[PDB]
Structures are given as structure tokens and as C-alpha cells.
$ cat coords-v2.csv   # CSV, C-alpha atoms and all ligand atoms
chain,number,residue,atom,x,y,z
A,7,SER,CA,-14.0,274.2,-24.9
A,8,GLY,CA,-15.7,272.4,-27.8
A,9,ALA,CA,-15.7,271.8,-31.6
A,10,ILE,CA,-18.0,271.0,-34.6
A,11,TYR,CA,-17.2,267.7,-36.5
A,12,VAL,CA,-18.6,267.8,-40.1
A,13,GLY,CA,-17.2,265.5,-42.9
A,14,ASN,CA,-13.4,265.6,-42.7
A,15,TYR,CA,-13.4,269.0,-40.8
A,16,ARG,CA,-13.0,270.2,-37.2
A,17,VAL,CA,-14.3,273.7,-36.5
A,18,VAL,CA,-13.0,275.4,-33.3
A,19,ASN,CA,-12.6,278.9,-31.9
A,20,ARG,CA,-9.4,280.3,-33.4
A,21,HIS,CA,-8.2,281.5,-30.0
A,22,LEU,CA,-8.4,278.0,-28.6
A,23,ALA,CA,-6.9,276.1,-31.6
A,24,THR,CA,-4.2,273.5,-30.5
A,25,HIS,CA,-0.8,272.8,-32.0
A,26,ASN,CA,-2.3,269.8,-33.9
A,27,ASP,CA,-5.0,272.2,-35.5
A,28,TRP,CA,-2.4,274.6,-36.9
A,29,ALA,CA,-0.3,271.6,-38.2
A,30,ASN,CA,-3.4,270.5,-40.2
A,31,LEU,CA,-5.0,273.9,-41.2
A,32,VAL,CA,-7.8,274.3,-43.8
A,33,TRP,CA,-9.0,277.9,-43.2
A,34,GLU,CA,-8.9,280.5,-40.5
A,35,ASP,CA,-10.4,284.0,-40.0
A,36,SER,CA,-9.2,286.1,-37.0
A,37,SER,CA,-12.1,288.6,-37.5
A,38,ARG,CA,-14.6,285.7,-37.1
A,39,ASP,CA,-12.6,283.9,-34.3
A,40,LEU,CA,-12.9,280.6,-36.4
A,41,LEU,CA,-10.4,277.9,-37.4
A,42,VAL,CA,-11.0,274.8,-39.4
A,43,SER,CA,-8.6,271.9,-39.5
A,44,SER,CA,-8.7,268.5,-41.4
A,45,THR,CA,-9.6,265.2,-39.7
A,46,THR,CA,-8.8,261.6,-40.5
A,47,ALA,CA,-12.2,260.3,-39.6
A,48,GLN,CA,-15.6,261.5,-40.9
A,49,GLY,CA,-17.8,263.6,-38.5
A,50,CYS,CA,-21.6,263.5,-38.1
A,51,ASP,CA,-22.6,267.1,-37.3
A,52,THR,CA,-25.0,268.6,-39.8
A,53,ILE,CA,-24.6,272.4,-40.4
A,54,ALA,CA,-27.9,274.3,-40.5
A,55,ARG,CA,-28.7,276.1,-43.8
A,56,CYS,CA,-31.4,278.5,-42.6
A,57,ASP,CA,-32.2,282.0,-41.1
A,58,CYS,CA,-33.5,280.7,-37.7
A,59,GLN,CA,-33.1,283.2,-34.8
A,60,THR,CA,-34.2,280.8,-32.0
A,61,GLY,CA,-32.2,277.8,-30.9
A,62,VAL,CA,-30.6,275.9,-27.9
A,63,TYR,CA,-26.9,276.4,-26.7
A,64,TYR,CA,-24.7,274.4,-24.4
A,65,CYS,CA,-23.3,276.4,-21.4
A,66,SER,CA,-20.4,274.4,-19.8
A,67,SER,CA,-20.2,276.7,-16.7
A,68,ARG,CA,-23.8,275.7,-15.8
A,69,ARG,CA,-23.7,272.1,-17.2
A,70,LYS,CA,-27.0,273.2,-19.0
A,71,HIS,CA,-28.6,273.7,-22.4
A,72,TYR,CA,-30.5,276.9,-22.7
A,73,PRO,CA,-33.2,277.9,-25.3
A,74,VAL,CA,-32.4,281.4,-26.6
A,75,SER,CA,-33.5,284.0,-29.2
A,76,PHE,CA,-30.4,285.4,-31.0
A,77,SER,CA,-29.6,288.2,-33.4
A,78,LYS,CA,-28.7,287.9,-37.1
A,79,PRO,CA,-24.9,287.6,-37.9
A,80,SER,CA,-23.4,291.1,-37.7
A,81,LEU,CA,-20.1,293.1,-37.1
A,82,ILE,CA,-20.1,293.7,-33.3
A,83,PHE,CA,-17.5,295.5,-31.1
A,84,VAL,CA,-15.8,293.1,-28.8
A,85,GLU,CA,-13.7,294.4,-26.0
A,86,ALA,CA,-10.0,293.7,-25.7
A,87,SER,CA,-9.1,290.4,-24.1
A,88,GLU,CA,-5.9,288.3,-23.7
A,89,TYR,CA,-6.7,286.7,-27.2
A,90,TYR,CA,-7.5,289.8,-29.3
A,91,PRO,CA,-7.2,293.6,-29.1
A,92,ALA,CA,-10.5,295.7,-29.0
A,93,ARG,CA,-12.0,295.1,-32.5
A,94,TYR,CA,-15.2,294.4,-34.6
A,95,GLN,CA,-15.8,290.7,-34.8
A,96,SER,CA,-17.8,289.8,-38.0
A,97,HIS,CA,-20.6,287.1,-38.4
A,98,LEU,CA,-21.4,287.3,-34.6
A,99,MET,CA,-24.8,286.7,-33.1
A,100,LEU,CA,-25.9,287.8,-29.6
A,101,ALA,CA,-28.4,286.3,-27.1
A,102,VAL,CA,-29.3,287.1,-23.5
A,103,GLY,CA,-27.7,284.4,-21.5
A,104,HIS,CA,-24.7,283.2,-19.4
A,105,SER,CA,-21.2,282.9,-20.9
A,106,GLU,CA,-18.0,282.9,-19.0
A,107,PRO,CA,-14.3,282.1,-19.9
A,108,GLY,CA,-14.4,278.4,-20.5
A,109,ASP,CA,-17.8,278.4,-22.4
A,110,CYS,CA,-16.3,279.1,-25.9
A,111,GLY,CA,-16.9,276.1,-28.2
A,112,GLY,CA,-20.4,275.3,-26.8
A,113,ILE,CA,-22.7,274.5,-29.8
A,114,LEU,CA,-25.8,276.6,-30.7
A,115,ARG,CA,-28.4,274.4,-32.6
A,116,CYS,CA,-31.8,275.0,-34.3
A,117,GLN,CA,-34.2,272.4,-35.9
A,118,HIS,CA,-31.9,272.5,-39.0
A,119,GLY,CA,-28.6,271.6,-37.3
A,120,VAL,CA,-25.5,273.4,-36.0
A,121,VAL,CA,-25.8,277.2,-36.2
A,122,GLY,CA,-22.5,278.2,-34.6
A,123,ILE,CA,-20.3,278.0,-31.4
A,124,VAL,CA,-20.0,280.3,-28.3
A,125,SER,CA,-17.2,282.9,-29.0
A,126,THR,CA,-17.9,285.8,-26.5
A,127,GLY,CA,-19.6,286.4,-23.1
A,128,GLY,CA,-20.0,288.6,-20.0
A,129,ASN,CA,-22.5,291.3,-19.0
A,130,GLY,CA,-25.4,288.8,-19.3
A,131,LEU,CA,-24.8,288.2,-23.0
A,132,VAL,CA,-23.5,285.3,-25.0
A,133,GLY,CA,-22.1,285.7,-28.6
A,134,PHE,CA,-21.9,282.9,-31.2
A,135,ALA,CA,-19.7,282.7,-34.2
A,136,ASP,CA,-22.1,281.8,-37.1
A,137,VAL,CA,-21.0,278.9,-39.4
A,138,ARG,CA,-24.2,278.7,-41.7
A,139,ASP,CA,-22.7,280.8,-44.5
A,140,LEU,CA,-19.6,278.3,-44.8
A,141,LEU,CA,-21.3,276.2,-47.4
A,142,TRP,CA,-18.0,274.5,-48.4
A,143,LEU,CA,-18.1,272.6,-45.0
A,144,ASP,CA,-20.8,270.3,-46.7
A,145,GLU,CA,-18.5,269.2,-49.6
A,146,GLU,CA,-15.0,267.7,-50.5
B,201,LIG,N1,-14.1,286.1,-29.6
B,201,LIG,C1,-13.5,287.0,-28.7
B,201,LIG,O1,-13.0,288.0,-29.1
B,201,LIG,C2,-13.5,286.5,-27.3
B,201,LIG,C3,-12.2,285.9,-26.9
B,201,LIG,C4,-12.3,285.3,-25.4
B,201,LIG,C5,-12.7,286.4,-24.5
B,201,LIG,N2,-13.9,287.1,-24.9
B,201,LIG,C6,-15.0,287.3,-24.1
B,201,LIG,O2,-16.1,287.7,-24.6
B,201,LIG,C7,-15.0,287.1,-22.6
B,201,LIG,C8,-15.7,285.8,-22.4
B,201,LIG,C9,-16.7,285.5,-21.4
B,201,LIG,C10,-17.3,284.3,-21.6
B,201,LIG,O3,-16.7,283.7,-22.7
B,201,LIG,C11,-15.7,284.6,-23.2
B,201,LIG,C12,-13.7,287.2,-21.8
B,201,LIG,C13,-14.5,288.0,-20.7
B,201,LIG,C14,-15.6,288.2,-21.7
B,201,LIG,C15,-13.9,287.6,-26.3
B,202,ZN,ZN,-32.5,276.6,-38.5

$ encode --input "coords-v2.csv" --output "C-alpha cells" --more "lines below"
Ligand SMILES: NC(=O)[C@H]1CCCN(C(=O)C2(c3ccoc3)CCC2)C1
Ligand SMILES: [Zn+2]
Amino acid sequence: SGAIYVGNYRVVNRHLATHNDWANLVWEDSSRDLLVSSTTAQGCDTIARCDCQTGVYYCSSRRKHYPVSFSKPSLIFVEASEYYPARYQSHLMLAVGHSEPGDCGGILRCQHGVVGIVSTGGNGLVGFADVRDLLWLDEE
């Protein structure tokens, strides 16, 4: 579980979005596993605007933050799960690390701010849904 809180926006994994999120929808993309809903109160997360490939992510299944090197956002095959059929997920970055069901929503951060959130796992890899291209998160 986990979310990003920036301005009047809440960014969560689309597959974990609640009834309150769909009832206050701003934007969603199934191919990216992202959903953004509106909030009443202003958030304090800063979204990174950079091309960093090293950062630190939170792993809830270990109660630990791990420093990782991660790949550039790309179209990557993700196996079928209870949430999506087998498909290419876009804007996804991989790192070598631990990610289990329950870890989605953990933040990945670099020196510039929030880079993305955990979206995939297994086989000793962790995948993060990038949010650095969503420039509109910083305005209105
Ligand atoms: N974005 C997606 O399509 C993911 C939806 C949730 C399940 N996905 C995973 O990668 C798995 C996982 C392991 C750790 O966290 C998640 C489930 C076993 C691997 C795929
Ligand atoms: Zn950065």
C-alpha cells in the first residue's frame, strides 16, 4: 500500500485504488497501473523532474528502505496476475531488489524528489511506475 500526495492530487496504483478514489477521479491509465484522484487538503511531496537512475525505495515487506540503480522508463512485459492479463506495462523501471504482493505503493525517491511508486515484483526484481513525465501534477 501507499500513495504520493502532491498539491491537490493523490497518486496511487490503479489496481489498489479505493471506492473514494474512483468517486473523485482526475486521470487513470491502465497500461501504466496509475490513478490520480483529487484531494481536499494540499500535499507536500515534490515530484522529481530529472533523468536519475539511482535512488532509494521503501519495501514494506522488509520494513526497510533500499538504495537501488533502476532502468529508464520503458514498455516491459508483465505476467498475468489477478489485476491484469499478461501485457506490456508502459513507463516502467526495473531494479534488482525485493518486492512482494503488499509492496505496491512504496515510494522511489532520488535527490530531486519522488520518482515513482512500486508497481511490480517477484524473481528478485522490483518495478516502479514512473511519474516524472506527469508535469501537470505541479500545477492547478
Ligand atoms: N502492475 C502490475 O501489473 C502488477 C499488479 C500486481 C501483481 N504484479 C506483480 O508483479 C506481482 C507482485 C510481486 C510484488 O509486488 C507485486 C504479483 C506477483 C508478482 C503485477
Ligand atoms: Zn533525480

$ closest_atom_pairs --input "coords-v2.csv" --of "chain A" --to "ligand ZN 202 (chain B)" --cutoff "7 Å" --atoms "only C-alpha atoms and all ligand atoms" --output "JSON lines"
{"residue": "A:54", "atom": "CA", "partner": "B:ZN202", "partner_atom": "ZN", "distance": 5.5}
{"residue": "A:55", "atom": "CA", "partner": "B:ZN202", "partner_atom": "ZN", "distance": 6.5}
{"residue": "A:56", "atom": "CA", "partner": "B:ZN202", "partner_atom": "ZN", "distance": 4.7}
{"residue": "A:57", "atom": "CA", "partner": "B:ZN202", "partner_atom": "ZN", "distance": 6.0}
{"residue": "A:58", "atom": "CA", "partner": "B:ZN202", "partner_atom": "ZN", "distance": 4.3}
{"residue": "A:116", "atom": "CA", "partner": "B:ZN202", "partner_atom": "ZN", "distance": 4.5}
{"residue": "A:117", "atom": "CA", "partner": "B:ZN202", "partner_atom": "ZN", "distance": 5.2}
{"residue": "A:118", "atom": "CA", "partner": "B:ZN202", "partner_atom": "ZN", "distance": 4.2}
{"residue": "A:119", "atom": "CA", "partner": "B:ZN202", "partner_atom": "ZN", "distance": 6.5}

$ atom_distance --input "coords-v2.csv" --atom1 "atom CA of residue A:108" --atom2 "atom CA of residue A:7"
6.1 Å

$ residues_around --input "coords-v2.csv" --residues "residue A:115" --least-positions-apart "3" --cutoff "10 Å" --atoms "all atoms listed in the file" --output "mmCIF file with C-alpha atoms, keeping the file's coordinate frame"
data_model
loop_
_atom_site.group_PDB
_atom_site.id
_atom_site.type_symbol
_atom_site.label_atom_id
_atom_site.label_comp_id
_atom_site.auth_asym_id
_atom_site.auth_seq_id
_atom_site.Cartn_x
_atom_site.Cartn_y
_atom_site.Cartn_z
ATOM 1 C CA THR A 52 -25.000 268.600 -39.800
ATOM 2 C CA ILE A 53 -24.600 272.400 -40.400
ATOM 3 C CA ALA A 54 -27.900 274.300 -40.500
ATOM 4 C CA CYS A 58 -33.500 280.700 -37.700
ATOM 5 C CA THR A 60 -34.200 280.800 -32.000
ATOM 6 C CA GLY A 61 -32.200 277.800 -30.900
ATOM 7 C CA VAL A 62 -30.600 275.900 -27.900
ATOM 8 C CA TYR A 63 -26.900 276.400 -26.700
ATOM 9 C CA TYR A 64 -24.700 274.400 -24.400
ATOM 10 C CA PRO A 73 -33.200 277.900 -25.300
ATOM 11 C CA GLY A 112 -20.400 275.300 -26.800
ATOM 12 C CA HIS A 118 -31.900 272.500 -39.000
ATOM 13 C CA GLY A 119 -28.600 271.600 -37.300
ATOM 14 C CA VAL A 120 -25.500 273.400 -36.000
ATOM 15 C CA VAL A 121 -25.800 277.200 -36.200
ATOM 16 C CA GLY A 122 -22.500 278.200 -34.600
ATOM 17 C CA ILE A 123 -20.300 278.000 -31.400
#

$ residues_near_ligand --input "coords-v2.csv" --ligand "ligand LIG 201 (chain B)" --cutoff "10 Å" --atoms "all atoms listed in the file" --output "number ranges by chain"
A: 19-22, 36-40, 65, 67, 83-96, 98, 104-111, 124-135

$ residues_around --input "coords-v2.csv" --residues "residue A:144" --least-positions-apart "6" --cutoff "12 Å" --atoms "all atoms listed in the file" --output "NGL selection string"
:A and (11-15 or 48-55 or 137-138)

$ atom_distance --input "coords-v2.csv" --atom1 "atom CA of residue A:136" --atom2 "atom CA of residue A:99"
6.9 Å

$ atom_distance --input "coords-v2.csv" --atom1 "atom CA of residue A:42" --atom2 "atom CA of residue A:17"
4.5 Å

$ closest_residue --input "coords-v2.csv" --among "A:103, A:47, A:82, A:145" --to "residue A:68" --atoms "all atoms listed in the file"
A:103

$ closest_residue --input "coords-v2.csv" --among "A:44, A:97, A:114, A:18" --to "residue A:75" --atoms "only C-alpha atoms"
A:114

$ build_atoms --input "coords-v2.csv" --residues "stretch 112-140 of chain A" --atoms "N, CA and C atoms" --output "mmCIF file, in the frame of the given file"
data_model
loop_
_atom_site.group_PDB
_atom_site.id
_atom_site.type_symbol
_atom_site.label_atom_id
_atom_site.label_comp_id
_atom_site.auth_asym_id
_atom_site.auth_seq_id
_atom_site.Cartn_x
_atom_site.Cartn_y
_atom_site.Cartn_z
ATOM 1 N N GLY A 112 -19.040 275.835 -27.013
ATOM 2 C CA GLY A 112 -20.400 275.300 -26.800
ATOM 3 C C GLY A 112 -21.223 275.419 -28.115
ATOM 4 N N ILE A 113 -21.910 274.354 -28.550
ATOM 5 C CA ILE A 113 -22.700 274.500 -29.800
ATOM 6 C C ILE A 113 -24.048 275.165 -29.578
ATOM 7 N N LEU A 114 -24.445 275.952 -30.603
ATOM 8 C CA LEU A 114 -25.800 276.600 -30.700
ATOM 9 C C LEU A 114 -26.462 275.780 -31.863
ATOM 10 N N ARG A 115 -27.642 275.186 -31.587
ATOM 11 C CA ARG A 115 -28.400 274.400 -32.600
ATOM 12 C C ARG A 115 -29.822 274.833 -32.775
ATOM 13 N N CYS A 116 -30.357 274.704 -34.004
ATOM 14 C CA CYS A 116 -31.800 275.000 -34.300
ATOM 15 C C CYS A 116 -32.339 273.642 -34.819
ATOM 16 N N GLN A 117 -33.589 273.647 -35.306
ATOM 17 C CA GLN A 117 -34.200 272.400 -35.900
ATOM 18 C C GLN A 117 -33.402 271.924 -37.147
ATOM 19 N N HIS A 118 -32.630 272.806 -37.810
ATOM 20 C CA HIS A 118 -31.900 272.500 -39.000
ATOM 21 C C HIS A 118 -30.485 271.884 -38.830
ATOM 22 N N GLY A 119 -29.960 272.038 -37.609
ATOM 23 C CA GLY A 119 -28.600 271.600 -37.300
ATOM 24 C C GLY A 119 -27.813 272.563 -36.508
ATOM 25 N N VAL A 120 -26.479 272.468 -36.637
ATOM 26 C CA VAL A 120 -25.500 273.400 -36.000
ATOM 27 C C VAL A 120 -25.564 274.752 -36.592
ATOM 28 N N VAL A 121 -25.769 275.805 -35.762
ATOM 29 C CA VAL A 121 -25.800 277.200 -36.200
ATOM 30 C C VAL A 121 -24.410 277.835 -36.024
ATOM 31 N N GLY A 122 -23.791 277.571 -34.870
ATOM 32 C CA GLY A 122 -22.500 278.200 -34.600
ATOM 33 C C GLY A 122 -21.954 277.713 -33.215
ATOM 34 N N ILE A 123 -20.898 278.380 -32.718
ATOM 35 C CA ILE A 123 -20.300 278.000 -31.400
ATOM 36 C C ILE A 123 -20.133 279.277 -30.551
ATOM 37 N N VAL A 124 -20.200 279.125 -29.207
ATOM 38 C CA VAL A 124 -20.000 280.300 -28.300
ATOM 39 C C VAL A 124 -18.558 280.857 -28.583
ATOM 40 N N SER A 125 -18.499 282.178 -28.690
ATOM 41 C CA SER A 125 -17.200 282.900 -29.000
ATOM 42 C C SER A 125 -17.032 284.060 -28.042
ATOM 43 N N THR A 126 -18.086 284.647 -27.463
ATOM 44 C CA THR A 126 -17.900 285.800 -26.500
ATOM 45 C C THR A 126 -18.894 285.652 -25.282
ATOM 46 N N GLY A 127 -18.717 286.509 -24.246
ATOM 47 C CA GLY A 127 -19.600 286.400 -23.100
ATOM 48 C C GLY A 127 -19.574 287.682 -22.232
ATOM 49 N N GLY A 128 -19.940 287.532 -20.953
ATOM 50 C CA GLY A 128 -20.000 288.600 -20.000
ATOM 51 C C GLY A 128 -21.187 289.542 -20.127
ATOM 52 N N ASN A 129 -21.426 290.380 -19.082
ATOM 53 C CA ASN A 129 -22.500 291.300 -19.000
ATOM 54 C C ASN A 129 -23.922 290.744 -19.329
ATOM 55 N N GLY A 130 -24.101 289.457 -19.040
ATOM 56 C CA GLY A 130 -25.400 288.800 -19.300
ATOM 57 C C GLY A 130 -25.698 288.510 -20.711
ATOM 58 N N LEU A 131 -24.680 288.545 -21.579
ATOM 59 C CA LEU A 131 -24.800 288.200 -23.000
ATOM 60 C C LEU A 131 -23.921 287.080 -23.393
ATOM 61 N N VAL A 132 -24.285 286.399 -24.459
ATOM 62 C CA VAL A 132 -23.500 285.300 -25.000
ATOM 63 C C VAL A 132 -23.407 285.619 -26.523
ATOM 64 N N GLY A 133 -22.238 285.520 -27.119
ATOM 65 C CA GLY A 133 -22.100 285.700 -28.600
ATOM 66 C C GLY A 133 -21.673 284.436 -29.228
ATOM 67 N N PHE A 134 -22.202 284.177 -30.420
ATOM 68 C CA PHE A 134 -21.900 282.900 -31.200
ATOM 69 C C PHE A 134 -21.360 283.269 -32.520
ATOM 70 N N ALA A 135 -20.329 282.544 -32.904
ATOM 71 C CA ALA A 135 -19.700 282.700 -34.200
ATOM 72 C C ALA A 135 -20.562 281.888 -35.162
ATOM 73 N N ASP A 136 -21.229 282.532 -36.130
ATOM 74 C CA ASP A 136 -22.100 281.800 -37.100
ATOM 75 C C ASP A 136 -21.219 280.930 -38.046
ATOM 76 N N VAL A 137 -21.732 279.751 -38.432
ATOM 77 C CA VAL A 137 -21.000 278.900 -39.400
ATOM 78 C C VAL A 137 -21.946 278.579 -40.639
ATOM 79 N N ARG A 138 -23.223 279.067 -40.627
ATOM 80 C CA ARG A 138 -24.200 278.700 -41.700
ATOM 81 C C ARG A 138 -23.910 279.253 -43.048
ATOM 82 N N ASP A 139 -23.045 280.258 -43.172
ATOM 83 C CA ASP A 139 -22.700 280.800 -44.500
ATOM 84 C C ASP A 139 -21.499 279.909 -45.112
ATOM 85 N N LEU A 140 -20.812 279.063 -44.315
ATOM 86 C CA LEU A 140 -19.600 278.300 -44.800
ATOM 87 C C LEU A 140 -20.106 277.039 -45.510
#
